[PDB]
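In the block that follows, a single chain appears as structure tokens, in the form solved without its partner chain.
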């Protein structure tokens, strides 16, 4: 399976950006984003069960970001709003068959990610 990522770049504090990630190559699986701020370890940001319904957000982004899916297109979307300097990071699309394993990162499929720079 391959991951096709979109979006990112620079944005003014308080603004918005939209990411997307399409997976190509299971009927249901977990997909979403982790991020890595320079100097920090990578951390989960948001997940959705593609082909299911459940979502998860890191408390630091809940109510500012929205994750959604297009299951027919095996694609997820991350609407990032109210951006803060602390959100500057590489955002990585990542997938696993199972949401519990997805949370750990270690066994996931990983994209090369996209930079988001909040000024």
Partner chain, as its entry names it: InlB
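Numbering follows the first chain given and starts at 1.
Absent from the display: the form solved in complex with its partner chain. The rest refers to it.
- Contact with its partner chain in the entry with it bound, judged by any heavy atom within 4.5 Å, is made by just one of 82, 88, 79, 28: 28.
- Heavy atoms of residue 94 never reach within 4.5 Å of its partner chain in the entry with it bound, leaving it off the interface.
- Its partner chain in the entry with it bound comes within 4.5 Å of a heavy atom belonging to residue 52.
- In the entry with it bound, none of the heavy atoms of residue 16 sits within 4.5 Å of a heavy atom of its partner chain.
- Within 4.5 Å of any heavy atom of its partner chain in the entry with it bound lies no heavy atom of residue 12.
- Shown without its partner, the chain has 97, 98, 100, 101, 104 in segment 86-105 as residues with a non-hydrogen atom within 4.5 angstroms of its partner chain in the entry with it bound.
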